[PDB]
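Structure assessment
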Amino acid sequence: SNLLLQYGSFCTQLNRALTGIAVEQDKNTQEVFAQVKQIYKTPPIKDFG
Amino acid sequence: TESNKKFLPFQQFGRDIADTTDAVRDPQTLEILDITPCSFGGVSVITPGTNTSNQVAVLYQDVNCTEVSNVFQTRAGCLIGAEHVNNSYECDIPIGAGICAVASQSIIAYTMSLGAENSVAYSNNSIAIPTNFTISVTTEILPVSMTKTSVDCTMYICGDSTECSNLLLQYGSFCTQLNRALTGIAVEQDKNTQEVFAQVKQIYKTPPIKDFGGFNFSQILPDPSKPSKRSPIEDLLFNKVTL
Amino acid sequence: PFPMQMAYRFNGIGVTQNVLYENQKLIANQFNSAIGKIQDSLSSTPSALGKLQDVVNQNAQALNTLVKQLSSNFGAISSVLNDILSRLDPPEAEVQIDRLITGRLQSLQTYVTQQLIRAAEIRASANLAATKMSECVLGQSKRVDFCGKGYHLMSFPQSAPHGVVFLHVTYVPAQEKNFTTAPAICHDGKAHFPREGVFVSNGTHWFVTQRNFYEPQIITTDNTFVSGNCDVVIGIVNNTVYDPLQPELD
Amino acid sequence: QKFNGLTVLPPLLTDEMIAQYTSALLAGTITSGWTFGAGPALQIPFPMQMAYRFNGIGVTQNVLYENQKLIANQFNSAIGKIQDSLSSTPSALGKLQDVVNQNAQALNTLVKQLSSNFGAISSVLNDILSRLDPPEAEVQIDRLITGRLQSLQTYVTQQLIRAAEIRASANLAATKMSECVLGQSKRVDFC
Ligand SMILES: *[C@@H]1O[C@H](CO)[C@@H](O[C@@H]2O[C@H](CO)[C@@H](O)[C@H](O)[C@H]2NC(C)=O)[C@H](O)[C@H]1NC(C)=O
Ligand SMILES: *[C@@H]1O[C@H](CO)[C@@H](O)[C@H](O)[C@H]1NC(C)=O
Ligand SMILES: *[C@@H]1O[C@H](CO)[C@@H](O)[C@H](O)[C@H]1NC(C)=O
Ligand SMILES: *[C@@H]1O[C@H](CO)[C@@H](O)[C@H](O)[C@H]1NC(C)=O
Ligand SMILES: *[C@@H]1O[C@H](CO)[C@@H](O)[C@H](O)[C@H]1NC(C)=O
Ligand SMILES: *[C@@H]1O[C@H](CO)[C@@H](O)[C@H](O)[C@H]1NC(C)=O
């Protein structure tokens, strides 16, 4: 590890890119699915004509 | 730990997919022990912010709550410092696996609510119709270009020294692929800005009298009395982003 | 004339022109107040400009780390190559330089690749901004949630450092009511269907109204049309249809 | 799975909450048509909604009312057939299985790189440390750091590209979510 410390900041660039991807995946799921301001519920009687 | 894998009489140690040690057979008995790497993981800090409070909670992402003041186990790890409350709220600080996290002068963790419950009074002879109407204006912000940076490969790597320049010249064309790529990005930023904005071949101009039937556009139209002829909103945007 | 422009923009989303002209003053007040609120919204809610701040911060950080990679030994006896060239013999300065050429070229490669990927992201965001500029300010979009939540009327573009801000003016149904309905009207054997809008009742009388704004109208032969008979349509109510010709001949 | 230094964080929205969101969107589409996207949920009988959707494609609404039972039977038959269609034709879920396969293969091929000497004397750093004196182990450990770091860099680069592709697919999915489920699209073969 003390020898690795002589390669600068590669080991935080990788762990900031991976975190960027990690948060981008939750942004993707939220942007696709969370488009309703309320959670609507269907009526108990399925008389839809 | 104990294992239920029946090793054959001739193998001593077992391997898992992608070349790792999974289990080993105790030489002094017939027992077969599985070897699991002991719990480890990154450590995450939940903070409301030094602007508000210096209270902090800390989450160990992949350990139980048996490895070092409330302590709550979640599917995302063991979170210490936050009290789990049963009632759901809007998600604030993301934790993971459905729990988000400040209220009542302490850090709380809860299962996120997805929104208010609202059933629709469905019937095959009832229609709702609006009897009035609101006009809303929303703001949508999109990036179009970024700073056209350029880095001189040879002078960056090999600062003003011919001795290193000879080795860099022995590394071939790298110091030309990098300049070519950065030049391509620089020109593509101008193409982006042109395609976003240069959509009118001629420059139209507003009339001097703002008799728009009661609509007031003074907040989006350029103000000639300003040195840079920008709208008040555009002023707020240029004064709101800091470098 | 701009009020007629907005009246046609109402027509384009299924609200007849007469809603605007009778309510032009209220529409003006709501538009002006919303534009006024935009200032407070942008100036008081942080992270509102986050999408624009993030790119400049990412580029500044990439440059900062790129420069900080110059302060790294990479296996060399020192970071400053001037000291190796001034202190070591070339037969060994060659080897000491190689272990800085490699690390600084690798840092440059990392930076260039990250910039290519982020440039592709900005390329996609710029193309989306161009598409919204074409289809929201330059015209009117019927595609929902593309020019903001609600029924789109218009958009106004604004410049921003390294970006664009759209003010989307949209129509949202507000106070609402619960009315009885029917898919057709049975009159002397003929089935009447609305040309535009639906039939509504408050219990006692049947009217026709546009679906996106309550405006009751008497049922006549010029807003309804006849097809088939009363025994085919499931769920019909019985009301009478008035023909303006009857009072003109009587 | 869990190896040396590799973790998988759980998604913030669990499958239960995703299912609850799609249930909310389905209840909206069923009980209020497209109006729950624009503003408040406005109650409309489902046949009148489908009559609107016929009106929007140039077929007069009466065609629905006169053929309501046939329309219902065809819609129920198609919805029933969708299960057999996707459950009986293989590769139907290839677009979702391929993402998982590529991520798992990238992780396995990141781990496999640890068992490569990279030009040194033994792929285990502890073995070179235990057999060579530090002044000489330094070079072999430099090899086992440079190669492994280059492998991690390649993995992260390919994950950035794949994340960009999946983000493009997610953006198209959100566009379809708005312009196909929340409303009705005049864009041909887009929905
Ligand atoms: C329709 O709504 C508007 C506003 O939602 C009403 O207009 C006035 O608006 C201001 C704020 O914009 C309120 O303080 C007033 O209470 C509103 N009413 C009046 C009389 O000023 C408008 O009145 C509404 N129309 C109907 C028929 O309800
Ligand atoms: C009135 O509104 C309620 C809920 O808003 C709804 O359940 C009901 O069906 C509507 N009509 C009547 C006649 O009550
Ligand atoms: C739905 O329609 C049927 C016949 O068309 C009717 O009997 C039933 O009462 C209707 N539903 C409600 C809730 O009134
Ligand atoms: C329009 O809004 C501006 C905002 O500053 C206000 O000063 C002005 O009086 C308003 N009316 C007109 C006619 O400009
Ligand atoms: C409506 O009128 C028709 C004749 O015009 C009659 O046969 C029917 O019973 C009436 N009531 C209904 C359809 O509910
Ligand atoms: C229902 O509509 C009729 C027709 O305009 C009106 O006279 C009546 O006052 C309304 N309200 C009722 C019946 O409660």
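Method of determination, as given in the entry header: cryo-EM; reported resolution: 3.27 Å.

1. Quick word on the interface of chain C and chain B
Taken together, the 98 residues of chain C in the interface contact 69 residues of chain B. In total, about 8300 Å² of surface goes out of reach between chain C and chain B, with carbon and sulfur atoms giving 68% of it. The three residues of chain C that bury the most area against chain B are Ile101, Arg123 and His162 of chain C, which together make up 7% of that side's buried surface. Between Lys132 of chain C and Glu140 of chain B there is a salt bridge whose closest N-O contact spans 2.7 Å. Across the contact surface, chain C and chain B share 31 residue pairs in polar contact. Considering every element that reaches the side of chain C that touches chain B, the biggest residue donor is helix α6 (residues 90-137) of chain C, with 27 residues. By residue class, the composition of the side of chain C that touches chain B is 57 nonpolar, 31 polar and ten charged. Pairing of strand β13 (residues 126-130) of chain B with strand β3 (residues 176-182) of chain C, which is carried by five bridges, proceeds in the antiparallel orientation. Residue pairing across strands places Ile129 of chain B opposite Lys177 of chain C, the latter belonging to β3 of chain C.

2. What to know about empty space enclosed by the protein
Size it by volume and the largest cavity reaches roughly 170 Å³. Residue lining of the largest cavity: 15 residues in total, with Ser32, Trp34, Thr35, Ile44 and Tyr52 of chain D positioned closest to the centre. Elements represented by at least two residues in the lining of the largest cavity include exactly β13 of chain B together with α3 (46-55) of chain D. Looking at which element gives the most residues to the lining of the largest cavity, the answer is α3 of chain D, with three residues. There is about 40 Å³ of room inside the second largest cavity. Around the second largest cavity, the lining residues are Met146, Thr147, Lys148, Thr149, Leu182, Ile185 and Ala186 of chain B together with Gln115 of chain C. Per-element tally for the lining of the second largest cavity: the top contributor is helix α3 (residues 174-197) of chain B, with three residues.

3. Notes on the site of ligand 3
The environment of ligand 3 is formed by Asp47 of chain A together with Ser123, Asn124 and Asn125 of chain B. Site remark: ligand 3 is flanked by residues from chains A and B. Between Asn124 of chain B and ligand 3, the recorded distance is 2.3 Å, taken from a side-chain N or O atom to an oxygen atom. Protein chains bury 33% of the 360 Å² of accessible surface belonging to ligand 3 in isolation. Of the residues belonging to the shell around ligand 3, the class tally is no nonpolar, three polar and one charged.

4. Quick word on the interface of chain D and chain C
Contact with chain D, which involves 30 residues of that partner, is made by 30 residues of chain C. The contact between chain D and chain C buries some 2600 Å² in all, and 58% of this surface belongs to carbon and sulfur atoms. Looking at the side of chain D facing chain C, the largest losses of area belong to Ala38, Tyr52 and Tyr65 of chain D, adding up to 21% of the total buried there. At the boundary of chain D and chain C, one finds three salt bridges. Here chain D and chain C share six residue pairs in polar contact between them. Of all elements in the fold, only α2 (35-38), α3, α4 (62-66), α5 (68-88) and α8 (134-181) of chain D reach the threshold of two or more residues within the side of chain D that touches chain C. Top element by residues in the side of chain D that touches chain C is α8 of chain D. It accounts for eight residues. Along the lines of polarity and charge, the residues of the side of chain D that touches chain C split into eleven nonpolar, 13 polar and six charged.

Criteria and thresholds
- Chain by chain, residues are numbered from 1 following the written sequence, and this numbering need not agree with the entry; no residue without coordinates is displayed.
- Note on labels: chains are lettered from A, ligands numbered from 1, in written order.
- What is shown is a subset of a larger assembly, and the numbers refer only to that subset.
- Remark: hydrogens and water are excluded; side-chain values derive from all non-hydrogen atoms of the structure.
- Should any heavy atoms of two residues lie within 4.5 Å, those residues are counted as being in contact.
- Take the accessible area each of two parts loses on contact, using a 1.4 Å probe, and add the two losses: that sum is the buried area.
- Salt bridges, as used here, are contacts in which a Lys or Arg side-chain nitrogen is within 4 Å of a carboxyl oxygen on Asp or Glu.
- Whenever two N or O atoms come within 3.5 Å, that pair is a polar contact, provided that in protein one can donate a hydrogen and the other can accept it, and provided that, for residues adjacent in sequence, both atoms are side-chain atoms.
- A run of DSSP states H or I qualifies as a helix once it reaches four residues; a run of E qualifies as a strand once it reaches two. Both are numbered from the N-terminal end.
- Under this grouping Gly is polar, as are all residues other than the nonpolar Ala, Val, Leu, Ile, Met, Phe, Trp, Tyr, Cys and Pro and the charged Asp, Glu, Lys and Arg.
- For two strands to pair, DSSP has to find at least two bridges joining them.
- Computed over the protein atoms alone on a 1 Å grid, cavities are sets of points where a 1.4 Å probe fits but cannot get out and pockets are open sets with protein on both sides within 12 Å along at least five of seven lines; a residue lines them when it has an atom within 4 Å of a point.
- Grid points are joined across faces, edges and corners, and a volume is the space filled by probe spheres set on the points.
- Nearness of a residue to a molecule or strand requires only that one of the residue's heavy atoms be within 4 Å of it.
- Per-residue and other accessible areas were derived by the Shrake-Rupley procedure at a 1.4 Å probe size, with only the shown protein chains allowed to occlude residues.

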